[PDB]
């Protein structure tokens, strides 16, 4: 009944708020690591004398720089979702008291905030998927230049890129969980209105 559904909706929102925090914190860890890996790449690229290696490392570096902008956009998208979550909280606490009374604008605002957060999480997801694909492409490029012996510095770059992919995967994993929570928030909140 409604008591149990209000409890579930409350619990889902608390979980969502924690997950959003963990996402943002991971983005900041991803920024740090990307910045650190770019330092190593720029040095390696500059020091490279083999044409093949130099050209590959320049393409990786070019695109890693672009990752910094994409990650900043991802973090701005997560912050916006946090701002909307605040508003869901305040409007939801008012809906707890008012219910369906008065005109529909409060109800609609809360539904519209939820729709907007779902759209932000889809954007965030897509931007993260774009970064992770390209990070994987840079693994494949590094492997092209890692034939034979030596390549010690290249192996260090590869190891860092592999740690990056681990983190990006975790980022997408949390985003998918967050999107699932938002679906459950929608379903439970719809049930709350249906039960009146």
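Numbering follows the first chain given and starts at 1.
Relative to one another, 83-91 and 99-107 have unequal mean CA B-factors, and 99-107 is the one with the higher figure. Judged by mean Cα B factor in the deposited record, 151-159 ranks above the other of 136-144 and 151-159. For residue 164, the recorded CA B-factor ranks within the highest third of the chain. Only modelled residues enter the ranking. The PDB entry assigns residue 119 a C-alpha temperature factor belonging to the highest third of its chain's modelled residues. Annotation for residue 39: CA B-factor lies in the middle third of the chain's modelled residues.
Per the PDB record, residue ranking by Cα B-factor puts residue 26 in the middle third of the chain.
Sort the modelled residues of the chain by CA B factor and residue 11 lands in the highest third.
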